[PDB]
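To start, the structure itself, in structure tokens.
Cβ sites come from the backbone with ideal geometry, for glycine too, and all protein chains shown count toward neighbours. Laboratory data are not the source of any read-out in this text; all were calculated from the coordinates shown.
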């Protein structure tokens, strides 16, 4: 069986957030522009395989474009923490919305 944005989305996003939190917590950086990207992309692929409803594209694009101003510095000029936070919040909103819709078709 396969649903549009379900357990796969939750698992994928979960692994991602967990990895992000773990990596961010470890040492003092968001990631070495590899581990997070590798796992991220893998998860992104997992997310992509949940029916093309724009949201996935947006989520991927946001993360893709944001893939630079993540670490607490990354030679950025604006507030990396805030910028990332916003991107994360927006992404979360999309994920939760999709996951909710997928699991809860109608109400």
Across the Cα atoms of the chain, what radius of gyration and what greatest pairwise Cα-Cα distance (Dmax) are found, in Å? 14.2, 46
GNM on the chain, C-alpha springs below 10 Å: top fluctuator among 14, 78, 63? 78
Fewest-first ranking of 59, 20, using other Cβ atoms within 10 Å as the exposure measure: 20, 59
Peptides 48-55, 92-99: what's the order by average Cβ count within 10 Å, highest mean first? 92-99, 48-55
Within the set 36, 13, 75, GNM on the chain using Cα springs under 10 Å gives the largest fluctuation to 75
